[PDB]
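K.L.:
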Amino acid sequence: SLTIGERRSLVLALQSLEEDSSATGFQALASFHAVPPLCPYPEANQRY
Amino acid sequence: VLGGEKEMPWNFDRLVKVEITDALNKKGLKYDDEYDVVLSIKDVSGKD
Amino acid sequence: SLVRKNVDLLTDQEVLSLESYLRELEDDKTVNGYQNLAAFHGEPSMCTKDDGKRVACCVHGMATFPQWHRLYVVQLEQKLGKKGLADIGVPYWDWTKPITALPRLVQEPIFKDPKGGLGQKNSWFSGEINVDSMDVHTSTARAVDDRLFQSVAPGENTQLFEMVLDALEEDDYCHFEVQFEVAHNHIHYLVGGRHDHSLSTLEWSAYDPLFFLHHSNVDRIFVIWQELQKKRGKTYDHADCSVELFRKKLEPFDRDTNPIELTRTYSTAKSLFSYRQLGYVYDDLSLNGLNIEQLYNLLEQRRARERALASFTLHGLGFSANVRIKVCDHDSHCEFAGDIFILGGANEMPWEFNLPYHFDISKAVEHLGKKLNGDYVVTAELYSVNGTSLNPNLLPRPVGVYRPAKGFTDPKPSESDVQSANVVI
Amino acid sequence: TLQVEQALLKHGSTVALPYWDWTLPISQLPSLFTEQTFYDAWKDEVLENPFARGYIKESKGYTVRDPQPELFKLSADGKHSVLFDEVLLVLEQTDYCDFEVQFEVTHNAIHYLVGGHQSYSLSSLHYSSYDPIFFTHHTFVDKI
Ligand SMILES: *[C@@H]1O[C@H](CO)[C@@H](O[C@@H]2O[C@H](CO)[C@@H](O)[C@H](O)[C@H]2NC(C)=O)[C@H](O)[C@H]1NC(C)=O
Numbered sequence: 001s002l003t004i005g006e007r008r009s010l011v012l013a014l015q016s017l018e019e020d021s022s023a024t025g026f027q028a029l030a031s032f033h034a035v036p037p038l039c040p041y042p043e044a045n046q047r048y
Numbered sequence: 049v050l051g052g053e054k055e056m057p058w059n060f061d062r063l064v065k066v067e068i069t070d071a072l073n074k075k076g077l078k079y080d081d082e083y084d085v086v087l088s089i090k091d092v093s094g095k096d
Numbered sequence: 097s098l099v100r101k102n103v104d105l106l107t108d109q110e111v112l113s114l115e116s117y118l119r120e121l122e123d124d125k126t127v128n129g130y131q132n133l134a135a136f137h138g139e140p141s142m143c144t145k146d147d148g149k150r151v152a153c154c155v156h157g158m159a160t161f162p163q164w165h166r167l168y169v170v171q172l173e174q175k176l177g178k179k180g181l182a183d184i185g186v187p188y189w190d191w192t193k194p195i196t197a198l199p200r201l202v203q204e205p206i207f208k209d210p211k212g213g214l215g216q217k218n219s220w221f222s223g224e225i226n227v228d229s230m231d232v233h234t235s236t237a238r239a240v241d242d243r244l245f246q247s248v249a250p251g252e253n254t255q256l257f258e259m260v261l262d263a264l265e266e267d268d269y270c271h272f273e274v275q276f277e278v279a280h281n282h283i284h285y286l287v288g289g290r291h292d293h294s295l296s297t298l299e300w301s302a303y304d305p306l307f308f309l310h311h312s313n314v315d316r317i318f319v320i321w322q323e324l325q326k327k328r329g330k331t332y333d334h335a336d337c338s339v340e341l342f343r344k345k346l347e348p349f350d351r352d353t354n355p356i357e358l359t360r361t362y363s364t365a366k367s368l369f370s371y372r373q374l375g376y377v378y379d380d381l382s383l384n385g386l387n388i389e390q391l392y393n394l395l396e397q398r399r400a401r402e403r404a405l406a407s408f409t410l411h412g413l414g415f416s417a418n419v420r421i422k423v424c425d426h427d428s429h430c431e432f433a434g435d436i437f438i439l440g441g442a443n444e445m446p447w448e449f450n451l452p453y454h455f456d457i458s459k460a461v462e463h464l465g466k467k468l469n470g471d472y473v474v475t476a477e478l479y480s481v482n483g484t485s486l487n488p489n490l491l492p493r494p495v496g497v498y499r500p501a502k503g504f505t506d507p508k509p510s511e512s513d514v515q516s517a518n519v520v521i
Numbered sequence: 522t523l524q525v526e527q528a529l530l531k532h533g534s535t536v537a538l539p540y541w542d543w544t545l546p547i548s549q550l551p552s553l554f555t556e557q558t559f560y561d562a563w564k565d566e567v568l569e570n571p572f573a574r575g576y577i578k579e580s581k582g583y584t585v586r587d588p589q590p591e592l593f594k595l596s597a598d599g600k601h602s603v604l605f606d607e608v609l610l611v612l613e614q615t616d617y618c619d620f621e622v623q624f625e626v627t628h629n630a631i632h633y634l635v636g637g638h639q640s641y642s643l644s645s646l647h648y649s650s651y652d653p654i655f656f657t658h659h660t661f662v663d664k665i
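Given below as structure tokens:
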């Protein structure tokens, strides 16, 4: 149930995120779920 | 040195002394002369 | 000789002269290359292992650490002078005064032209490693740690200052080695930081000129220790320990491949105990406003103070590491105690110490509230270069020691009259 | 000034270029520019702040900033710079052409205040567009 205006808005926003390379980048944000492991915290010698 | 398999790890803090004056003088060599110290270790089992 | 000053008191024209000379030495390599001079200290080292293991030529943990590094710094200053500069030697950066930031000479990343125009690279900010065999052709970095600028309340001073004060206080060369290496091993880690190619490691630590900015002050405090010991009246010109190590000749300055002739003249370790003949003189011999007499009195009065100390034994690791020391009550009320730094590298001789290390823990025990001669426990936590921890059983456990006030005596043992009848002879 | 925002957005911007209000008292340059290099460890490589220097593809040099003592002067109340009064003067009049003639030198001022005496800086317009503080200042100009 989408229309041209907001559909364009969403696709452009996501394509803007995709080519970003900042701290709040798409890659950086999506890296939380999986590799690299950052949890429970990197200080521990066990990483998963 | 008295050692066995079931020894909890141990390491000293400062060197242990052994007298050498009574042999260096008897050979005539002053302490600064070119001389070597050779030690050979033999376990109770009989392996060097 | 060449008179020596501290960086914070120099003026502009000499800074321009020395920077011009440094640039014209670092651009060209030939055999007179700054990269080669750094490789003399570190990777790629040339003094292979006596077993042919291709180990570093850098002396660390032995008796000849200060002498070898003093020879290194005088070699570089003579190298710079031979290029045509005959005003000032490599200046010394003082950190005993409460520091807040880096010195001006190492601040700007790319130097400006004094007149105005085309800019020029700032070597004192950083250098570049361009080894082709290891395919590393990248500039170095200064991953500064923020915790180097602890401006604390007066009366007491920076932990670096107190610890180096105790180091210079101690009154024997063999013990001075151990009490000195820890102090030298602080800034290296705290400046090298997270980046691999930096001062924290040992393979390419000396490429940044902060190496020399540090070892200059190292030699300075070494000389002040020598003069203080001479005034207090004990033999120093010859060392009663590590005589075989002293008899060993230094490397690789012995070989004729070194263009500088002063190293060939003074290759022996014995002669370096005198610094005058090397050719440089420090302008001032006062420590942050305190001269020989004041520091002598302070040290003598501090040698009658009750203390609690932590004793350590250590060896090589192969990679630099922090050790956070922690003091706890017995079994929990356990509070932070202090820090220690150790330096390790991929190519480095297995080194062990000839004396346990002494560290100050009295303030932490006082914070815990127990009496100095009371009871407590000490534990250690090991962190690698990259922040992460590691299995803390590699190093031997620390020990606690109580140092009494001078003049104290033990309680008298009992004498007894007939020993009753319970005793058996 | 607007033209750069399209490039920034298409190359991964997050917000537009902020405007710096220099009418407020200025202890020193903003810390964002004053900073030199920070470490994030995401790439395990220190990053130098691109708000200090600029590369030139024909001269192989770089710009150089220079503070000036007069820039730190403060007004009688101490809550405004000396430029506040002339900014009000520019604002107060009516005609558009008079506005422009009274207004040009105002933004020209900071170019000389922060450009120093360097041929490669904001002092000369020939290379002033190679330092992002120029973008920030002209953004504030459009705001005026
Ligand atoms: C920090 O660097 C050390 C370098 O040794 C890393 O330790 C190695 O970690 C890998 C797995 O990540 C192990 O397979 C090796 O055995 C470890 N080496 C040693 C000598 O123990 C450590 O993982 C690094 N940590 C972080 C957070 O980067």
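Residue numbers (our numbering), protein chains in the order written: chain A, 1 to 48; chain B, 49 to 96; chain C, 97 to 521; chain D, 522 to 665.
We put the beta carbon where it would ideally sit given N, CA and C, even for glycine.
#1: Please report the distance separating the alpha-carbon of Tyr392 (chain C) from that of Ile438 (chain C).
#2: For the alpha helix (DSSP H) that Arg119 (chain C) lies in, which residues bound it at each end?
#3: Got a sec, what are the start and stop residues for the beta strand (DSSP E) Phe408 (chain C) sits in?
#4: Would you report the Cα separation of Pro140 (chain C) and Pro488 (chain C), rounded to the nearest angstrom?
#5: For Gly483 (chain C), tell me which candidate among C:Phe415, C:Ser512, C:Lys178, C:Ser370 has the shortest Cα-Cα distance.
#6: I'd like to know whether the C-beta atoms of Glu173 (chain C) and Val155 (chain C) end up nearer to each other than 8 Å.
#7: Among C:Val240, C:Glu323, C:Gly213, C:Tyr130, which has the Cα closest to the Cα of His284 (chain C)?
#8: Quick check: the Cα distance between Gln203 (chain C) and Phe221 (chain C), rounded to an integer number of angstroms?
#9: At a CB-CB cut-off below 7 Å, which residues of chain C make contact with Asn59 (chain B)?
#10: Just to confirm before moving on: does the CB-CB distance between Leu106 (chain C) and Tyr376 (chain C) stay below 8 Å?
#11: Looking at the structure shown, is residue 522 (chain C) part of a helix, part of a strand, or coil, going by DSSP?
#12: If we require 4 or more residues per run, which alpha helix (DSSP H) segments fall completely within the segment 426 to 478 of chain C?
#13: Whole angstroms is fine: what's the gap from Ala23 (chain A)'s alpha carbon to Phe554 (chain D)'s?
#14: Please tell me whether, using a cut-off of 7 Å, the distance from the CB of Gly440 (chain C) to the nearest non-hydrogen atom of ligand 1 is below it.
#15: Using a cut-off of 8 Å between C-beta atoms, extract the partners of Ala23 (chain A) located in chain D.
#16: Determine, for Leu530 (chain D), whether the minimum Cβ-Cβ distance to residues of chain A falls below 8 Å.
#17: Do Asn482 (chain C) and ligand 1 come close, with the Cβ less than 7 Å from some heavy atom?
#18: Can you find a CB in chain C that lies within less than 8 Å of the CB of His638 (chain D)?
#19: In its own chain, which residues sit with a C-beta less than 8 Å from the C-beta of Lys664 (chain D), not counting the 5 before and 5 after it?
#20: Please state if the CB of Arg119 (chain C) and the CB of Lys217 (chain C) are separated by a distance shorter than 8 Å.
#21: Does the structure place the segment 329 to 347 of chain C close enough to the segment 403 to 420 of chain C that three or more beta carbon pairs sit under 8 Å?
#22: I believe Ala159 (chain C) touches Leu298 (chain C) by the beta-carbon criterion, under 8 Å. Please report the beta-carbon distance rounded to the nearest angstrom.
#23: What are the start and end residues of each continuous beta strand (DSSP E) run of 3 or more residues lying completely inside the segment 321 to 395 of chain C, in chain order?
#24: What residue range is occupied by the uninterrupted beta strand (DSSP E) comprising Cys424 (chain C)?
#25: Run through the DSSP bridge pairs and tell me what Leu486 (chain C) is partnered with.
#26: Are the segment 570 to 585 of chain D and the segment 635 to 643 of chain D in contact at 8 Å, needing three or more beta carbon pairs?
#27: Note the first and the last residue of the continuous alpha helix (DSSP H) segment covering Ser16 (chain A).
#28: Out of C:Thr353, C:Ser480, C:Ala365, which has the shortest C-alpha to C-alpha gap to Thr126 (chain C)?
#29: Sorted by chain position, which residues of the same chain lie with C-beta nearer than 8 Å to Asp619 (chain D)'s C-beta, five sequence neighbours on each side aside?
#30: Check whether the Cβ atoms of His628 (chain D) and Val603 (chain D) sit closer than 8 Å, and answer yes or no.
#31: Could you tell me whether the segment 273 to 292 of chain C touches the segment 240 to 259 of chain C, where touching means 3 or more Cβ pairs closer than 8 Å?
#32: Ligand 1 and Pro446 (chain C): does any heavy atom of the ligand fall closer than 7 Å to the residue's C-beta?
#33: Is it true that the segment 492 to 504 of chain C meets the segment 396 to 408 of chain C, where meeting means three or more beta-carbon pairs spaced less than 8 Å apart?
#34: Could you tell me which residues DSSP pairs with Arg499 (chain C) in its beta bridges?
#35: Do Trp300 (chain C) and residue 39 (chain C) come within 8 Å of each other at the CB atom, strictly closer than that value?
#36: Shorter than 8 Å from the beta carbon of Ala182 (chain C) to some beta carbon of chain D?
P.N.:
Looking at the atomic coordinates:
#1: In the third sequence, counting from the first residue as 1, residue 392 (chain C) sits at position 296. In the third sequence, counting from the first residue as 1, residue 438 (chain C) sits at position 342. Rounded to the nearest angstrom, the two C-alpha atoms are 30 Å apart.
#2: Locating residue 119 (chain C) in the third sequence gives position 23, where the first residue counts as 1. Here the alpha helix (DSSP H) through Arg119 (chain C) covers 108 to 122.
#3: As a position in the third sequence, residue 408 (chain C) is number 312, starting the count at 1. From DSSP, the beta strand (DSSP E) with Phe408 (chain C) extends over 403 to 408.
#4: To locate residue 140 (chain C), count along the third sequence from 1; it is residue 44. To locate residue 488 (chain C), count along the third sequence from 1; it is residue 392. Each residue's alpha carbon lies about 31 Å from the other.
#5: Locating residue 483 (chain C) in the third sequence gives position 387, counting from the first residue. Ranking the options by Cα distance to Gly483 (chain C), first place goes to C:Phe415.
#6: The residue you call residue 173 (chain C) lines up with position 77 of the third sequence. The residue you call residue 155 (chain C) lines up with position 59 of the third sequence. Contact flag unset, no.
#7: Counting from 1 along the third sequence, the entry for residue 284 (chain C) is found at position 188. Selected option, being the one with the closest Cα: C:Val240.
#8: On the third sequence, position 107 is the one that residue 203 (chain C) refers to. On the third sequence, position 125 is the one that residue 221 (chain C) refers to. Near 6 Å, if we compare the C-alpha coordinates of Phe221 (chain C) and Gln203 (chain C).
#9: Position 11 of the second sequence, counted from the start, is the residue given in the question as residue 59 (chain B). From the beta-carbon of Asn59 (chain B), the residues of chain C found nearer than 7 Å are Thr409, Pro492.
#10: Looking up residue 106 (chain C) in the third sequence gives position 10. Looking up residue 376 (chain C) in the third sequence gives position 280. No, Cβ-Cβ distance for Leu106 (chain C) and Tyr376 (chain C) is not below 8 Å.
#11: Chain C is shown from 97 up to 521; residue 522 (chain C) falls before or after that span and cannot be answered.
#12: 458 to 464
#13: Locating residue 23 (chain A) in the first sequence gives position 23, counting from the first residue. Locating residue 554 (chain D) in the fourth sequence gives position 33, counting from the first residue. Going by the C-alpha atoms only, they are around 19 Å apart.
#14: Taking the third sequence and counting its residues from 1, the one referred to as residue 440 (chain C) is at position 344. The answer is no for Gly440 (chain C).
#15: Here residue 23 (chain A) is taken as the residue at index 23 of the first sequence, counted from 1. Listed along chain D, the residues sitting closer than 8 Å to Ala23 (chain A) by beta-carbon distance are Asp561, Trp563.
#16: Taking the fourth sequence and counting its residues from 1, one reaches residue 530 (chain D) at position 9. Closer than 8 Å to some Cβ of chain A, the Cβ of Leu530 (chain D) qualifies, so yes.
#17: Counting from one through the third sequence, the residue named residue 482 (chain C) turns up at place 386. The answer is yes for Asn482 (chain C).
#18: Position 117 of the fourth sequence holds residue 638 (chain D). Closer than 8 Å to some Cβ of chain C, the Cβ of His638 (chain D) qualifies, so yes.
#19: The count along the fourth sequence starts at 1 and reaches residue 664 (chain D) at position 143. Closer than 8 Å at the Cβ level, and outside the excluded window around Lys664 (chain D), lie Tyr540.
#20: Here the question's residue 217 (chain C) lines up with position 121 in the third sequence. Here the question's residue 119 (chain C) lines up with position 23 in the third sequence. For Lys217 (chain C) and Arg119 (chain C), yes; Cβs fall inside 8 Å.
#21: no
#22: Within the third sequence, numbered from 1, the residue matching residue 159 (chain C) stands at position 63. Within the third sequence, numbered from 1, the residue matching residue 298 (chain C) stands at position 202. Not quite, the Cβ-Cβ distance comes to about 19 Å (not below 8 Å), so this is no contact.
#23: 376 to 378
#24: Here residue 424 (chain C) corresponds to residue number 328 of the third sequence, with the count starting at 1. Element bounds for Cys424 (chain C): 417 to 424.
#25: Translated into the one-based positions of the third sequence, residue 486 (chain C) becomes position 390. C:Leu478.
#26: yes
#27: As a working note, residue 16 (chain A) is residue 16 in the first sequence. Unbroken alpha helix (DSSP H) run through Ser16 (chain A): 4 to 18.
#28: As a position in the third sequence, residue 126 (chain C) is number 30, starting the count at 1. Here the closest residue by C-alpha is C:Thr353.
#29: As a working note, residue 619 (chain D) is residue 98 in the fourth sequence. Hits under 8 Å: none found.
#30: Reading the fourth sequence from its first residue, position 107 is the one you call residue 628 (chain D). Reading the fourth sequence from its first residue, position 82 is the one you call residue 603 (chain D). Contact flag unset, no.
#31: When Cβ pairs closer than 8 Å are counted between the two stretches, the segment 273 to 292 of chain C is seen to touch the segment 240 to 259 of chain C, the count reaching three or more.
#32: What you label residue 446 (chain C) is simply residue 350 of the third sequence in a count that begins at 1. Flag unset: Cβ of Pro446 (chain C) not near ligand 1.
#33: Output reads yes: the segment 396 to 408 of chain C touches the segment 492 to 504 of chain C.
#34: Counting from one through the third sequence, the residue named residue 499 (chain C) turns up at place 403. Looking at the DSSP assignment, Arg499 (chain C) forms a beta bridge with C:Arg403.
#35: It is not possible to answer for residue 39 (chain C), since the shown part of chain C is limited to 97 through 521.
#36: Residue 182 (chain C) sits at position 86 when you count from the first residue of the third sequence. False, the Cβ-Cβ gap to chain D never drops below 8 Å.
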